[PDB]
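Next comes input.tsv, a file with TSV, C-alpha atoms.
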chain	number	residue	atom	x	y	z
Q	24	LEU	CA	-53.28	50.87	61.39
Q	25	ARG	CA	-51.66	47.37	61.23
Q	26	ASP	CA	-48.35	49.25	61.87
Q	27	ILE	CA	-49.71	50.17	65.36
Q	28	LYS	CA	-50.68	46.55	66.15
Q	29	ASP	CA	-47.11	45.50	65.10
Q	30	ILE	CA	-45.26	48.33	67.00
Q	31	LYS	CA	-47.41	47.89	70.18
Q	32	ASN	CA	-46.72	44.07	70.24
Q	33	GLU	CA	-42.93	44.54	69.81
Q	34	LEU	CA	-43.12	47.13	72.70
Q	35	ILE	CA	-44.91	44.49	74.90
Q	36	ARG	CA	-42.17	41.84	74.02
Q	37	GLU	CA	-39.44	44.33	75.17
Q	38	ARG	CA	-41.51	45.04	78.38
Q	39	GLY	CA	-41.60	48.74	77.32
Q	40	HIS	CA	-45.03	49.00	79.04
Q	41	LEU	CA	-43.47	48.13	82.46
Q	42	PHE	CA	-40.30	50.34	82.11
Q	43	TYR	CA	-42.52	53.27	80.84
Q	44	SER	CA	-45.91	52.60	82.52
Q	45	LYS	CA	-47.10	56.25	82.67
Q	46	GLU	CA	-46.28	56.96	78.96
Q	47	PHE	CA	-47.70	53.55	77.83
Q	48	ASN	CA	-51.00	54.35	79.66
Q	49	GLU	CA	-51.07	57.82	77.94
Q	50	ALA	CA	-50.45	56.21	74.49
Q	51	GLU	CA	-53.29	53.61	75.13
Q	52	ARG	CA	-55.77	56.50	75.98
Q	53	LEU	CA	-54.74	58.22	72.70
Q	54	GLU	CA	-55.24	54.81	70.88
Q	55	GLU	CA	-58.79	54.65	72.43
Q	56	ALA	CA	-59.60	58.23	71.15
Q	57	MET	CA	-58.31	57.17	67.65
Q	58	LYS	CA	-60.70	54.13	67.65
Q	59	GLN	CA	-63.67	56.34	68.72
Q	60	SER	CA	-62.93	58.75	65.78
Q	61	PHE	CA	-63.01	55.80	63.27
Q	62	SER	CA	-66.24	54.49	65.02
Q	63	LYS	CA	-67.84	57.95	64.47
Q	64	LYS	CA	-66.57	57.78	60.82
Q	65	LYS	CA	-64.10	60.73	61.20
Q	66	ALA	CA	-61.26	59.05	59.21
Q	67	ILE	CA	-59.22	62.33	58.79
Q	68	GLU	CA	-59.29	62.91	62.60
Q	69	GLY	CA	-58.62	59.16	63.26
Q	70	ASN	CA	-55.61	59.15	60.83
Q	71	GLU	CA	-54.25	62.39	62.45
Q	72	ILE	CA	-54.41	60.66	65.92
Q	73	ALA	CA	-52.95	57.31	64.59
Q	74	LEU	CA	-49.67	59.07	63.50
Q	75	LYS	CA	-49.15	60.29	67.13
Q	76	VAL	CA	-50.14	56.90	68.64
Q	77	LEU	CA	-47.46	55.41	66.28
Q	78	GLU	CA	-44.78	57.97	67.36
Q	79	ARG	CA	-45.54	57.59	71.13
Q	80	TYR	CA	-45.15	53.73	70.98
Q	81	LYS	CA	-41.94	54.16	68.84
Q	82	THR	CA	-40.47	56.46	71.54
Q	83	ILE	CA	-41.00	53.86	74.37
Q	84	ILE	CA	-39.38	51.17	72.11
Q	85	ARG	CA	-36.34	53.36	71.20
Q	86	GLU	CA	-35.67	54.65	74.79
Q	87	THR	CA	-36.12	51.11	76.29
Q	88	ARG	CA	-33.59	49.76	73.67
Q	89	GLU	CA	-31.07	52.62	74.23
Q	90	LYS	CA	-31.06	52.23	78.09
Q	91	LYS	CA	-30.70	48.40	77.73
Q	92	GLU	CA	-27.61	48.97	75.45
Q	93	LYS	CA	-26.09	51.31	78.14
Q	94	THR	CA	-26.85	48.80	80.98
Q	95	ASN	CA	-25.16	45.97	78.93
Q	96	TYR	CA	-22.10	48.27	78.31
Q	97	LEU	CA	-21.82	49.21	82.03
Q	98	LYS	CA	-22.19	45.56	83.25
Q	99	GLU	CA	-19.62	44.10	80.76
Q	100	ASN	CA	-17.08	46.89	81.58
Q	101	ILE	CA	-17.58	46.70	85.44
Q	102	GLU	CA	-16.61	42.99	84.96
Q	103	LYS	CA	-13.54	43.90	82.80
Q	104	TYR	CA	-12.16	46.40	85.43
Q	105	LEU	CA	-12.85	44.09	88.46
Q	106	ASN	CA	-10.84	41.40	86.51
Q	107	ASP	CA	-7.93	43.95	86.04
Q	108	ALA	CA	-8.19	45.09	89.71
Q	109	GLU	CA	-7.98	41.36	90.80
Q	110	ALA	CA	-4.87	40.71	88.55
Q	111	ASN	CA	-3.35	43.60	90.67
Q	112	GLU	CA	-3.96	41.93	94.11
Q	113	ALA	CA	-7.23	43.88	94.80
Q	114	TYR	CA	-8.30	41.11	97.28
Q	115	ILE	CA	-4.94	41.70	99.17
Q	116	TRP	CA	-4.98	45.56	99.24
Q	117	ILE	CA	-8.63	46.80	98.76
Q	118	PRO	CA	-11.08	43.88	99.33
Q	119	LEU	CA	-13.82	46.27	100.70
Q	120	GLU	CA	-13.56	48.45	97.52
Q	121	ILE	CA	-14.27	45.26	95.43
Q	122	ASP	CA	-17.27	44.35	97.73
Q	123	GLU	CA	-18.71	47.92	97.30
Q	124	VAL	CA	-18.56	47.58	93.45
Q	125	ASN	CA	-20.27	44.12	93.68
Q	126	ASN	CA	-22.95	45.49	96.10
Q	127	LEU	CA	-23.73	48.54	93.89
Q	128	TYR	CA	-24.06	46.06	90.90
Q	129	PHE	CA	-26.42	43.86	93.00
Q	130	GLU	CA	-28.55	46.89	94.09
Q	131	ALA	CA	-28.56	48.12	90.40
Q	132	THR	CA	-29.89	44.71	89.14
Q	133	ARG	CA	-32.79	44.73	91.72
Q	134	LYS	CA	-33.85	48.23	90.49
Q	135	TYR	CA	-33.63	46.97	86.85
Q	136	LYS	CA	-35.87	43.96	87.83
Q	137	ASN	CA	-38.58	46.28	89.35
Q	138	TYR	CA	-38.59	48.07	85.88
Q	139	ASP	CA	-36.97	51.28	87.36
Q	140	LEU	CA	-34.57	51.75	84.37
Q	141	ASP	CA	-33.16	55.27	85.12
Q	142	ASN	CA	-32.33	54.50	88.80
Q	143	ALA	CA	-30.80	51.12	87.73
Q	144	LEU	CA	-28.67	53.07	85.12
Q	145	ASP	CA	-27.69	55.60	87.81
Q	146	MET	CA	-26.34	52.86	90.15
Q	147	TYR	CA	-24.65	50.71	87.42
Q	148	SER	CA	-22.80	54.00	86.48
Q	149	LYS	CA	-21.82	54.59	90.16
Q	150	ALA	CA	-20.54	50.89	90.24
Q	151	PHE	CA	-18.55	51.47	86.94
Q	152	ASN	CA	-16.90	54.60	88.48
Q	153	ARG	CA	-15.89	52.63	91.67
Q	154	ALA	CA	-14.70	49.72	89.39
Q	155	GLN	CA	-12.32	52.15	87.54
Q	156	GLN	CA	-11.24	53.71	90.94
Q	157	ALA	CA	-10.59	50.17	92.36
Q	158	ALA	CA	-8.47	49.05	89.33
Q	159	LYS	CA	-6.33	52.26	89.67
Q	160	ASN	CA	-5.92	52.01	93.52
Q	161	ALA	CA	-4.98	48.27	93.20
Q	162	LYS	CA	-2.23	49.05	90.58
Q	163	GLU	CA	-0.86	51.85	92.86
Q	164	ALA	CA	-0.85	49.61	96.06
Q	165	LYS	CA	0.82	46.72	94.10
Q	166	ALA	CA	3.60	48.98	92.61
Q	167	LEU	CA	4.20	50.58	96.10
Q	168	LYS	CA	4.41	47.20	97.93
Q	169	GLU	CA	6.89	45.81	95.28
Q	170	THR	CA	9.05	49.00	95.67
Q	171	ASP	CA	8.97	48.87	99.54
Q	172	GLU	CA	10.24	45.21	99.54
Q	173	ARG	CA	13.11	45.86	97.02
Q	174	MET	CA	14.17	48.60	99.56
Q	175	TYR	CA	13.46	46.45	102.72
Q	176	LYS	CA	15.65	43.70	101.08
Q	177	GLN	CA	18.55	46.17	100.37
Q	178	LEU	CA	18.41	47.74	103.95
Q	179	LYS	CA	18.76	44.15	105.38
Q	180	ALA	CA	21.48	42.88	102.91
What does the file become when written as structure tokens?
Amino acid sequence: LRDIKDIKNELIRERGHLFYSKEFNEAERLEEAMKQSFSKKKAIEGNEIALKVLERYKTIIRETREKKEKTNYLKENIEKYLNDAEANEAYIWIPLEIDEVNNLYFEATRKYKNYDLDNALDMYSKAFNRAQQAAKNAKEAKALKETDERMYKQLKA
């Protein structure tokens, strides 16, 4: 029963209750029922309900943590591929592709800040895809330009 206090407080610290408001409300109602059983001195029934209260809180914690990991991975790797795109003249050849990545990352962060985790993950993923596409297109445009000047040079001299 002190386990539940400890798990529920950790969940609050990670804002699990705001990312998963419907499921947190459900787990609080189940916690209330558990208390009532103990009040009415039904300790078998109470203990049976306490194991599910525990498990429900542990699920919000684990899912919150796993989605945060994925968000971190997507944000760090968007950055890495924009860097690589920019080393390949992305601001010369495809500046509006770089803007679209940055704007998808901006719109993903607002969703994340209104505690809408799955839609934030959806849009960070869409920004990561366009980051990869941008890096590739920038390499291709750079190689092509280079090639078309080594030919323009040789058809002048």
For region 51-56 of chain Q, list every protein, DNA or RNA residue within 9 Å, evaluated using all atoms listed in the file, and leave out those in the same chain fewer than 6 positions away; present the list as number ranges by chain.
Q: 69, 72-73, 75-76
Interface rows for region 40-135 of chain Q against region 161-174 of chain Q: nearest pair, Å to one decimal, 9 Å, only C-alpha atoms, as a Markdown table:
| residue | atom | partner | partner_atom | distance |
| --- | --- | --- | --- | --- |
| Q:107 | CA | Q:161 | CA | 8.9 |
| Q:108 | CA | Q:161 | CA | 5.7 |
| Q:109 | CA | Q:161 | CA | 7.9 |
| Q:110 | CA | Q:161 | CA | 8.9 |
| Q:111 | CA | Q:161 | CA | 5.6 |
| Q:112 | CA | Q:161 | CA | 6.5 |
| Q:113 | CA | Q:161 | CA | 5.2 |
| Q:114 | CA | Q:161 | CA | 8.9 |
| Q:115 | CA | Q:161 | CA | 8.9 |
| Q:116 | CA | Q:164 | CA | 6.6 |
| Q:117 | CA | Q:161 | CA | 6.8 |
Hey, which of Q:26, Q:86, Q:92, Q:68 ends up closest to residue 39 (chain Q)? Count all atoms listed in the file.
Q:86
Atomic distance CA of residue 124 (chain Q) - CA of residue 150 (chain Q), expressed in Å with one decimal:
5.0 Å
Would you mind reading off the distance between CA of residue 128 (chain Q) and CA of residue 147 (chain Q), one decimal, in Å?
5.8 Å
Which one is closest to residue 146 (chain Q): Q:103, Q:133, Q:40, Q:45? Count all atoms listed in the file.
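Nearest to residue 146 (chain Q): Q:133.
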Residue nearest residue 100 (chain Q) - candidates Q:129, Q:83, Q:148, Q:66, atoms counted: all atoms listed in the file
Q:148
Separation of CA of residue 158 (chain Q) from CA of residue 131 (chain Q), in Å and rounded to one decimal
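CA of residue 131 (chain Q) lies 20.1 Å from CA of residue 158 (chain Q).
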Residues around (-39.1, 51.9, 68.2), cut-off 12 Å, counting only C-alpha atoms - what are they as a list in words?
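The requested residues, written out, are residues 26, 27, 29, 30, 31, 32, 33, 34, 35, 37, 39, 77, 78, 79, 80, 81, 82, 83, 84, 85, 86, 87, 88 and 89 of chain Q.
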I'd like to know which of Q:120, Q:151, Q:142, Q:74 is closest to residue 102 (chain Q), using only C-alpha atoms.
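For residue 102 (chain Q), the nearest of the given residues is Q:151.
Remark: for residue 58 (chain Q), the closest of the candidate residues Q:46, Q:71, Q:122, Q:145 is Q:71 (distances computed over all atoms listed in the file).
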Output, as lines of an AutoDock Vina configuration file, the centre and edge lengths in Å (one decimal) of the axis-aligned box that contains all listed atoms of region 126-142 of chain Q with 8 Å of margin on each side.
center_x = -30.8
center_y = 49.6
center_z = 90.2
size_x = 31.6
size_y = 27.4
size_z = 27.7
